[PDB]
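Participant: So here's input_17.cif, just mmCIF, C-alpha atoms:
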```cif
data_coords
loop_
_atom_site.group_PDB
_atom_site.id
_atom_site.type_symbol
_atom_site.label_atom_id
_atom_site.label_comp_id
_atom_site.auth_asym_id
_atom_site.auth_seq_id
_atom_site.Cartn_x
_atom_site.Cartn_y
_atom_site.Cartn_z
ATOM 1 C CA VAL O 1 6.167 -4.935 -21.609
ATOM 2 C CA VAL O 2 7.482 -4.867 -25.155
ATOM 3 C CA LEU O 3 4.226 -6.475 -26.295
ATOM 4 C CA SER O 4 1.763 -4.098 -24.591
ATOM 5 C CA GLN O 5 4.100 -1.266 -25.632
ATOM 6 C CA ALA O 6 4.328 -2.287 -29.296
ATOM 7 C CA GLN O 7 0.557 -2.876 -29.339
ATOM 8 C CA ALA O 8 0.241 0.698 -28.097
ATOM 9 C CA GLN O 9 2.716 2.027 -30.640
ATOM 10 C CA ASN O 10 0.630 0.397 -33.398
ATOM 11 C CA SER O 11 -2.435 1.696 -31.568
ATOM 12 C CA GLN O 12 -1.024 5.218 -31.979
ATOM 13 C CA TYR O 13 0.039 4.851 -35.628
ATOM 14 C CA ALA O 14 -3.625 3.896 -36.065
ATOM 15 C CA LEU O 15 -4.686 7.383 -34.971
ATOM 16 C CA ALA O 16 -2.170 9.265 -37.090
ATOM 17 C CA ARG O 17 -3.600 7.215 -39.936
ATOM 18 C CA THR O 18 -7.145 8.254 -39.254
ATOM 19 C CA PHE O 19 -6.028 11.865 -39.249
ATOM 20 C CA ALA O 20 -4.020 11.381 -42.425
ATOM 21 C CA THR O 21 -6.938 9.786 -44.274
ATOM 22 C CA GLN O 22 -9.332 12.683 -43.705
ATOM 23 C CA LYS O 23 -6.691 15.255 -44.582
ATOM 24 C CA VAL O 24 -5.707 13.456 -47.840
ATOM 25 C CA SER O 25 -9.323 12.801 -48.866
ATOM 26 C CA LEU O 26 -10.258 16.465 -48.649
ATOM 27 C CA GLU O 27 -7.175 17.482 -50.555
ATOM 28 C CA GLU O 28 -8.025 14.934 -53.220
ATOM 29 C CA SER O 29 -11.637 16.150 -53.443
ATOM 30 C CA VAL O 30 -10.572 19.789 -53.766
ATOM 31 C CA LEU O 31 -7.880 18.882 -56.348
ATOM 32 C CA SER O 32 -10.473 17.057 -58.401
ATOM 33 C CA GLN O 33 -12.299 20.418 -58.573
ATOM 34 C CA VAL O 34 -9.040 22.251 -59.381
ATOM 35 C CA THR O 35 -8.616 19.891 -62.366
ATOM 36 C CA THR O 36 -12.080 20.609 -63.744
ATOM 37 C CA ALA O 37 -11.609 24.352 -63.256
ATOM 38 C CA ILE O 38 -8.305 24.405 -65.120
ATOM 39 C CA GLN O 39 -9.819 22.287 -67.914
ATOM 40 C CA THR O 40 -12.620 24.825 -68.171
ATOM 41 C CA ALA O 41 -10.083 27.671 -68.526
ATOM 42 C CA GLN O 42 -8.224 25.564 -71.079
ATOM 43 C CA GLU O 43 -11.359 25.394 -73.185
ATOM 44 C CA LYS O 44 -11.721 29.223 -73.038
ATOM 45 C CA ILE O 45 -8.006 29.651 -73.903
ATOM 46 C CA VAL O 46 -8.377 27.403 -76.936
ATOM 47 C CA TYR O 47 -11.366 29.483 -78.088
ATOM 48 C CA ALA O 48 -9.201 32.615 -77.590
ATOM 49 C CA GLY O 49 -6.704 31.248 -80.079
ATOM 50 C CA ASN O 50 -9.114 32.227 -82.869
ATOM 51 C CA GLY O 51 -7.691 35.122 -84.874
ATOM 52 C CA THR O 52 -10.983 36.699 -85.889
ATOM 53 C CA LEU O 53 -12.527 37.190 -82.467
ATOM 54 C CA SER O 54 -14.324 40.450 -81.808
ATOM 55 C CA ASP O 55 -12.888 42.692 -79.022
ATOM 56 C CA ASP O 56 -16.193 42.304 -77.275
ATOM 57 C CA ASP O 57 -15.897 38.473 -77.710
ATOM 58 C CA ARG O 58 -12.345 38.636 -76.315
ATOM 59 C CA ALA O 59 -13.512 40.695 -73.317
ATOM 60 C CA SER O 60 -16.225 38.085 -72.736
ATOM 61 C CA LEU O 61 -13.588 35.349 -72.670
ATOM 62 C CA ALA O 62 -11.549 37.456 -70.220
ATOM 63 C CA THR O 63 -14.557 37.739 -67.935
ATOM 64 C CA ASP O 64 -15.201 33.982 -68.083
ATOM 65 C CA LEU O 65 -11.514 33.492 -67.266
ATOM 66 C CA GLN O 66 -11.518 35.912 -64.341
ATOM 67 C CA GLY O 67 -14.359 33.877 -62.957
ATOM 68 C CA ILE O 68 -12.466 30.616 -63.293
ATOM 69 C CA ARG O 69 -9.368 32.249 -61.839
ATOM 70 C CA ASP O 70 -11.411 33.336 -58.807
ATOM 71 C CA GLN O 71 -12.828 29.859 -58.318
ATOM 72 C CA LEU O 72 -9.256 28.474 -58.387
ATOM 73 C CA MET O 73 -8.060 31.082 -55.929
ATOM 74 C CA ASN O 74 -10.827 30.011 -53.506
ATOM 75 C CA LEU O 75 -9.851 26.379 -54.022
ATOM 76 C CA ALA O 76 -6.153 27.175 -53.426
ATOM 77 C CA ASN O 77 -7.205 28.881 -50.150
ATOM 78 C CA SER O 78 -9.362 25.897 -49.070
ATOM 79 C CA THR O 79 -9.615 25.018 -45.349
ATOM 80 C CA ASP O 80 -10.648 21.877 -43.536
ATOM 81 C CA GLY O 81 -13.562 21.666 -41.091
ATOM 82 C CA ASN O 82 -11.544 23.464 -38.389
ATOM 83 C CA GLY O 83 -10.608 26.308 -40.738
ATOM 84 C CA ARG O 84 -6.970 25.284 -41.119
ATOM 85 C CA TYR O 85 -5.692 25.911 -44.703
ATOM 86 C CA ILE O 86 -4.971 22.653 -46.509
ATOM 87 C CA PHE O 87 -2.556 23.911 -49.143
ATOM 88 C CA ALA O 88 -0.218 25.860 -46.844
ATOM 89 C CA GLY O 89 2.191 23.270 -45.474
ATOM 90 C CA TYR O 90 2.680 23.879 -41.746
ATOM 91 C CA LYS O 91 1.509 27.481 -41.904
ATOM 92 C CA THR O 92 -2.178 26.584 -41.551
ATOM 93 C CA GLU O 93 -3.425 29.881 -39.984
ATOM 94 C CA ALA O 94 -2.931 32.477 -42.788
ATOM 95 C CA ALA O 95 -4.239 32.245 -46.392
ATOM 96 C CA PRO O 96 -1.516 30.627 -48.503
ATOM 97 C CA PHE O 97 -2.279 32.667 -51.636
ATOM 98 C CA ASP O 98 -2.741 36.431 -51.999
ATOM 99 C CA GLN O 99 -5.854 37.440 -53.892
ATOM 100 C CA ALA O 100 -4.224 40.074 -56.147
ATOM 101 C CA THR O 101 -1.326 38.084 -57.589
ATOM 102 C CA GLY O 102 -1.676 34.499 -56.573
ATOM 103 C CA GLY O 103 1.754 34.506 -54.922
ATOM 104 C CA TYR O 104 2.369 31.609 -52.484
ATOM 105 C CA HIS O 105 3.045 32.521 -48.875
ATOM 106 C CA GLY O 106 2.556 29.263 -47.065
ATOM 107 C CA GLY O 107 5.135 26.761 -45.922
ATOM 108 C CA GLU O 108 7.679 25.208 -48.177
ATOM 109 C CA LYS O 109 8.216 21.953 -46.315
ATOM 110 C CA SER O 110 5.705 19.178 -46.910
ATOM 111 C CA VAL O 111 3.650 18.005 -43.974
ATOM 112 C CA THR O 112 4.757 14.581 -42.798
ATOM 113 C CA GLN O 113 3.258 12.198 -40.315
ATOM 114 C CA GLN O 114 4.483 8.972 -38.745
ATOM 115 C CA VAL O 115 2.150 6.255 -40.010
ATOM 116 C CA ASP O 116 4.016 2.980 -39.295
ATOM 117 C CA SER O 117 7.407 2.192 -37.728
ATOM 118 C CA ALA O 118 8.707 1.930 -41.240
ATOM 119 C CA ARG O 119 7.391 5.025 -42.988
ATOM 120 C CA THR O 120 7.136 8.788 -42.775
ATOM 121 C CA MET O 121 4.245 9.501 -45.102
ATOM 122 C CA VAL O 122 3.942 12.880 -46.771
ATOM 123 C CA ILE O 123 0.519 14.324 -46.021
ATOM 124 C CA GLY O 124 -0.705 17.771 -47.069
ATOM 125 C CA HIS O 125 0.986 18.710 -50.331
ATOM 126 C CA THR O 126 1.862 22.347 -50.180
ATOM 127 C CA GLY O 127 0.422 25.202 -52.258
ATOM 128 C CA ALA O 128 3.740 25.601 -54.021
ATOM 129 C CA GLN O 129 3.527 21.922 -55.049
ATOM 130 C CA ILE O 130 0.113 22.219 -56.554
ATOM 131 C CA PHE O 131 -0.198 25.746 -57.935
ATOM 132 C CA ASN O 132 3.358 26.799 -58.540
ATOM 133 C CA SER O 133 5.103 23.684 -59.887
ATOM 134 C CA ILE O 134 5.580 21.712 -63.074
ATOM 135 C CA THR O 135 6.777 18.150 -63.744
ATOM 136 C CA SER O 136 9.558 16.933 -65.982
ATOM 137 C CA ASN O 137 6.948 16.353 -68.713
ATOM 138 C CA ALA O 138 6.431 20.088 -69.036
ATOM 139 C CA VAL O 139 6.101 21.583 -72.509
ATOM 140 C CA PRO O 140 8.946 24.121 -72.825
ATOM 141 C CA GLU O 141 8.705 27.684 -74.147
ATOM 142 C CA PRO O 142 9.594 27.591 -77.877
ATOM 143 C CA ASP O 143 11.930 30.540 -77.292
ATOM 144 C CA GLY O 144 14.027 28.811 -74.599
ATOM 145 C CA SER O 145 12.807 31.076 -71.773
ATOM 146 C CA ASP O 146 11.755 29.603 -68.391
ATOM 147 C CA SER O 147 8.293 28.110 -68.195
ATOM 148 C CA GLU O 148 5.777 29.937 -66.051
ATOM 149 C CA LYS O 149 4.965 27.817 -63.008
ATOM 150 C CA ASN O 150 2.321 29.856 -61.241
ATOM 151 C CA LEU O 151 -1.221 29.006 -62.355
ATOM 152 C CA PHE O 152 -2.562 32.446 -61.337
ATOM 153 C CA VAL O 153 0.034 34.289 -63.353
ATOM 154 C CA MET O 154 -0.877 32.090 -66.337
ATOM 155 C CA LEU O 155 -4.493 33.078 -65.925
ATOM 156 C CA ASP O 156 -3.905 36.697 -64.992
ATOM 157 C CA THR O 157 -1.751 37.449 -68.033
ATOM 158 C CA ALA O 158 -4.300 35.952 -70.425
ATOM 159 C CA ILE O 159 -7.099 37.931 -68.791
ATOM 160 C CA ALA O 160 -5.158 41.207 -69.036
ATOM 161 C CA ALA O 161 -4.395 40.404 -72.696
ATOM 162 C CA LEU O 162 -8.037 39.649 -73.577
ATOM 163 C CA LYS O 163 -9.305 42.808 -71.826
ATOM 164 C CA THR O 164 -7.005 44.885 -74.022
ATOM 165 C CA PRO O 165 -9.100 45.884 -77.066
ATOM 166 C CA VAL O 166 -6.857 45.182 -80.048
ATOM 167 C CA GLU O 167 -9.055 46.274 -82.967
ATOM 168 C CA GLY O 168 -6.939 48.218 -85.523
ATOM 169 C CA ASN O 169 -3.630 47.452 -83.805
ATOM 170 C CA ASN O 170 -1.739 44.485 -85.214
ATOM 171 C CA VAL O 171 1.157 44.940 -82.810
ATOM 172 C CA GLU O 172 -1.116 44.678 -79.766
ATOM 173 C CA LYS O 173 -2.929 41.761 -81.391
ATOM 174 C CA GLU O 174 0.317 39.750 -81.909
ATOM 175 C CA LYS O 175 1.373 40.554 -78.349
ATOM 176 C CA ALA O 176 -1.956 39.447 -76.858
ATOM 177 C CA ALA O 177 -1.949 36.347 -79.076
ATOM 178 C CA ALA O 178 1.544 35.455 -77.822
ATOM 179 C CA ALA O 179 0.320 35.836 -74.189
ATOM 180 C CA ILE O 180 -2.581 33.466 -74.954
ATOM 181 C CA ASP O 181 -0.202 30.939 -76.559
ATOM 182 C CA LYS O 182 1.998 31.134 -73.464
ATOM 183 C CA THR O 183 -0.963 30.620 -71.118
ATOM 184 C CA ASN O 184 -2.066 27.690 -73.257
ATOM 185 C CA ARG O 185 1.284 25.940 -72.710
ATOM 186 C CA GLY O 186 1.237 26.846 -69.047
ATOM 187 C CA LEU O 187 -2.207 25.429 -68.408
ATOM 188 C CA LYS O 188 -1.179 22.119 -69.931
ATOM 189 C CA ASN O 189 1.824 22.166 -67.608
ATOM 190 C CA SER O 190 -0.314 23.091 -64.626
ATOM 191 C CA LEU O 191 -2.863 20.364 -65.423
ATOM 192 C CA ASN O 192 -0.095 17.805 -65.658
ATOM 193 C CA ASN O 193 1.288 18.956 -62.360
ATOM 194 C CA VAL O 194 -2.119 18.678 -60.593
ATOM 195 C CA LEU O 195 -2.770 15.320 -62.185
ATOM 196 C CA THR O 196 0.585 14.139 -60.834
ATOM 197 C CA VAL O 197 -0.306 15.213 -57.303
ATOM 198 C CA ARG O 198 -3.778 13.672 -57.456
ATOM 199 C CA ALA O 199 -2.289 10.351 -58.524
ATOM 200 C CA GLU O 200 0.181 10.473 -55.686
ATOM 201 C CA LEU O 201 -2.613 11.290 -53.178
ATOM 202 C CA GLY O 202 -4.514 8.333 -54.622
ATOM 203 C CA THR O 203 -1.539 6.168 -53.744
ATOM 204 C CA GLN O 204 -1.432 7.690 -50.273
ATOM 205 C CA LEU O 205 -5.136 6.913 -49.743
ATOM 206 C CA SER O 206 -4.598 3.388 -51.004
ATOM 207 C CA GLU O 207 -1.748 2.928 -48.482
ATOM 208 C CA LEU O 208 -3.637 4.380 -45.545
ATOM 209 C CA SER O 209 -6.620 2.103 -46.246
ATOM 210 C CA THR O 210 -4.225 -0.844 -46.589
ATOM 211 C CA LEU O 211 -3.070 -0.279 -43.022
ATOM 212 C CA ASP O 212 -6.466 0.935 -41.878
ATOM 213 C CA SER O 213 -8.351 -2.070 -43.314
ATOM 214 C CA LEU O 214 -5.414 -4.265 -42.335
#
```
What's the C-alpha cells form of this structure?
Facilitator:
Amino acid sequence: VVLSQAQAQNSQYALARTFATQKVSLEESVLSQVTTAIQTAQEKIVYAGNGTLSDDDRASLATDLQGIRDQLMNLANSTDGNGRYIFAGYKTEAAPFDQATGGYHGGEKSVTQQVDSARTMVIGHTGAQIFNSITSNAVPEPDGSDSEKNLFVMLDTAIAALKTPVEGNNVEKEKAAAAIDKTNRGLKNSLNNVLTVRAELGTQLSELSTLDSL
C-alpha cells in the first residue's frame, strides 16, 4: 500500500511540476521582454539628460517613452493560453494593472505549488514583485526621500516632464530635469529588480527540470 501510494504521490507531484514549468517559462519569456523594454526606455532617458534639447526633441522623447510605457503595460497585463493573468498572484481573472496609472490590483501573496514532499515552490511571481519592487541594491534618492518603486510612475512622470515645453523657463527646465534624473535612478532600480526575478525563475526552471528529467 505505502509503495503504490507513494508512487502515486510522486506521480502527482509530477503533474504539478508540468504545470509549474509552463507557467514559469512563460513568465520568464515575458520578463525577458520587460527587460529589453526598460533598457530601451533607459536609453531614451539618458538622451533626455542632455541640457540643450529642443522642446520638440523633448516631446519626441516623451512620445517614444509613452510607447515603451504602453508596451510594458501590455506585458504587465500578460495572460497565459487560457487568458489567466500571469502577474496577478491568485487573482487571475481581472487585469492586475490599471491602464491610467499603472497601480497594482492583483494578489499580494505569491502563488505556491507542491512540487515534492520536501518543497513548496513559489510559482507565479506577482505584479507587485516585478513592477512595484526594488532590491537591497537599489540606488537611493540623493535627497534621502523614498525611492519610487512603481515602474509606470517612473515612466509617467518623465513623459509628463518631457511633454512640458520648457523653452524660456529655467524653473520649469530644472524641475523637468530633476524628474528625468529621478526616473533615471528608478529605471536602474526597476531593471535590477526584474533581473533579480528572472534569475530566480531561472533557478526555478532548473529545479523543475531536475525533477522532471530525474
Participant: Counting all atoms listed in the file, which of O:126, O:72, O:185, O:31 gets nearest to residue O:104?
Facilitator: O:126
Participant: What does the structure give for the distance between atom CA of residue O:14 and atom CA of residue O:209, in Å to one decimal?
Facilitator: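 Separating atom CA of residue O:14 from atom CA of residue O:209 is a distance of 10.8 Å.
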Participant: Which residues come within 12 Å of residue O:37, counting all atoms listed in the file, excluding same-chain residues fewer than 3 positions away, as a ChimeraX atom specification?
Facilitator: /O:30-34,40-44,64-76,151,155,187,190-191,194
Participant: Report, in Å with one decimal, the straight-line distance from atom CA of residue O:79 to atom CA of residue O:154.
Facilitator: 23.8 Å
Participant: Just give me the gap between atom CA of residue O:132 and atom CA of residue O:173 in Å, one decimal is fine.
Facilitator: 28.0 Å
Participant: Do a neighbour search on stretch 119-124 of chain O at 9 Å with all atoms listed in the file, toss out local chain neighbours closer than 4 positions, and write the hits as a ChimeraX atom specification.
Facilitator: /O:20-21,23-24,27,86-90,110-115,201,204
Participant: Have a look at O:156, O:207, O:93, O:56 and name the one nearest to residue O:179; count only C-alpha atoms.
Facilitator: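 Residue with the minimum atom-to-atom distance to residue O:179: O:156.
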Participant: Pick out the closest residue to residue O:182 from this set: O:49, O:103, O:96, O:165. Count only C-alpha atoms.
Facilitator: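 Closest to residue O:182, using only C-alpha atoms: O:49.
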Participant: Between O:131, O:158, O:169, O:77, which has the minimum distance to residue O:193 (counting all atoms listed in the file)?
Facilitator: O:131
Participant: Point out the residue among O:7, O:192, O:18, O:135 with the least atom-to-atom distance to residue O:35, counting all atoms listed in the file.
Facilitator: O:192
Participant: With only C-alpha atoms as the counted atoms, please give the residues lying no more than 10 Å from residue O:175, apart from itself and same-chain residues fewer than 5 positions off, as a list in words.
Facilitator: residues 161, 166, 170, 180 and 181 of chain O
